[PDB]
Amino acid sequence: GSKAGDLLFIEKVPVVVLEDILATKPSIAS
Amino acid sequence: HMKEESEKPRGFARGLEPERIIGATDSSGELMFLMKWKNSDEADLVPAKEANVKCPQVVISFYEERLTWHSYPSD
Amino acid sequence: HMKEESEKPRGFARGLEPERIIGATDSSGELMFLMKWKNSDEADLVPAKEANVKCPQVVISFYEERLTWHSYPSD
């Protein structure tokens with residue numbers, strides 16, 4: 001279990017979550 | 001008002017420090033990163049093609065944080 | 001068997017063309033992109049910090065396609 005310790009982990013499908021750029025703009029004084 | 005009367009480009013116009021990326025939007029069939037600026041006109045649209053060369057580190061790192069892996073296929 | 005008897009490093013050991021990313025996992029505190037290799041020992045963990053310099057264009061591109069997007073608010 002030297003440097004090559006990694007043997008088993010995750011093998012799914014990566015995905016990134018983004019809320020556009022100015023999608024959300026919470027405001028109370030409006 | 002914008003700093004200095006002289007006209008200035010968009011993202012990475014002069015070379016001001018990048019505060020932090022807000023997000024990204026697929027505008028015109030191309031992802032664009034809204035670069036936040038501390039002194040400059042905070043937030044500016046920039047094409048992924050131009051952004052990657054400007055600072056890939058901030059770009060790659062951004063996704064690293066807002067990353068999420070799907071369910072492990074193996075039962 | 002591994003190509004060549006001489007010992008070879010991990011990801012981007014020599015400089016073989018990147019086939020296609022098909023893995024990503026955060027270790028102690030850094031992503032471990034699972035780089036695929038056509039000729040070399042396909043699939044190998046590589047620290048995001050180290051991978052970014054190896055080929056940012058490749059990693060950045062990987063996330064683009066693997067984009068799910070949250071939800072646009074407009075109640």
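Using amide H atoms built in the peptide plane, which far-off residues or other-chain residues are under 5 Å from A:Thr24 H to H?
none
What's the Cα-based Rg to Rh of chain C, Rh via Kirkwood? Can you show the working numbers first?
Working: Rg = 15.3 Å, Rh = 13.8 Å.
Radius of gyration relative to Kirkwood radius: 1.10.
For the range B:18-74, which GluC sites (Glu not before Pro) are in a loop by DSSP, counting at most 13 other Cβ atoms within 10 Å?
On the way: sites: B:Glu19, B:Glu30, B:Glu42, B:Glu50, B:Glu64, B:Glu65; in loops: B:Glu42.
Here the sparse-neighbourhood loop sites are B:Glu42.
For C:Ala13, go 7 angstrom from Cα along the Cα-to-Cβ vector, then report the distances to that same point in the other copies in nm, smallest first.
When each copy's label point is compared with this one, the spacings are 5.0 nm.
List the residues, sorted by chain then number, that are 5 or more residues from B:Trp37 or on another chain and whose placed amide H is less than 5 Å from its amide H.
The answer is B:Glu42, B:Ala43.
Mind checking the angle between helix B:56-65 and chain B's longest principal axis? C-alpha axes, 0 to 90 degrees, to the nearest 10.
50
Among the listed pairs A:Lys12/C:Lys8; A:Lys12/B:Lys38; A:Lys25/B:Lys54; A:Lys12/B:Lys36, give every one whose C-alpha distance is greater than 30 Å. Mind showing how you got there, number by number?
Numbers: A:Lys12/C:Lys8 28 Å; A:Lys12/B:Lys38 38 Å; A:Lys25/B:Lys54 28 Å; A:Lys12/B:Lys36 33 Å.
From the list (A:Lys12/C:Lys8; A:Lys12/B:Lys38; A:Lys25/B:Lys54; A:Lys12/B:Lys36), the Cα-Cα distance tops 30 Å for A:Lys12/B:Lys38; A:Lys12/B:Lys36.
With +1 assigned to the C-beta of every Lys and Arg and -1 to the C-beta of every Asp and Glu, and no other charges, what is the dipole magnitude of chain C about the Cα centre in debye, to the nearest 20?
On the way: 10 positive and 14 negative charges, 33 e Å.
With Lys and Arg at +1 and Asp and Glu at -1, about 160 debye.
Sum up the charges of everything whose Cβ sits under 11 Å from the Cβ of C:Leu31, counting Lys and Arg as +1 and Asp and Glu as -1, but leave C:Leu31 out.
Details: positive: C:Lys49; negative: B:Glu64, B:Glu65, C:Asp26, C:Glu30, C:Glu50.
Cβ neighbours under 11 Å give a net charge of -4.
Give me the inter-chain shielding for A:19-29: mean count of other chain Cβ atoms within 10 Å, whole number please.
Values: counts 10, 12, 11, 5, 8, 6, 1, 1, 0, 0, 0.
Mean shielding count: 5.
Restricting to DSSP H runs of at least four residues, report the calculated mean residue ellipticity at 222 nm for chain B, -39500 (n - 2.57) per run over all residues, nearest 500 deg cm²/dmol.
Values: 2 runs with 17 residues, N = 75.
Taking each H run of at least 4 residues, the total per residue is -6000 deg cm²/dmol.
Which residue in chain C puts its Cβ closest to the axis that rotates chain C onto chain B, and at what distance in whole Å?
Residue plus distance in Å, as requested: C:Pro56, 2.
For the protein assembly as shown, take the alpha-carbon Rg, divide it by the Kirkwood Rh, and send me Rg/Rh. Mind dumping the intermediate values first?
Numbers: Rg = 19.6 Å, Rh = 18.6 Å.
So for the protein assembly as shown, dividing Rg by the Kirkwood Rh gives 1.05.
The numbers here are math on the coordinates, done by the rules we state, and not lab data. Backbone-built Cβ (ideal geometry, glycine too); neighbour counts: all protein chains shown.
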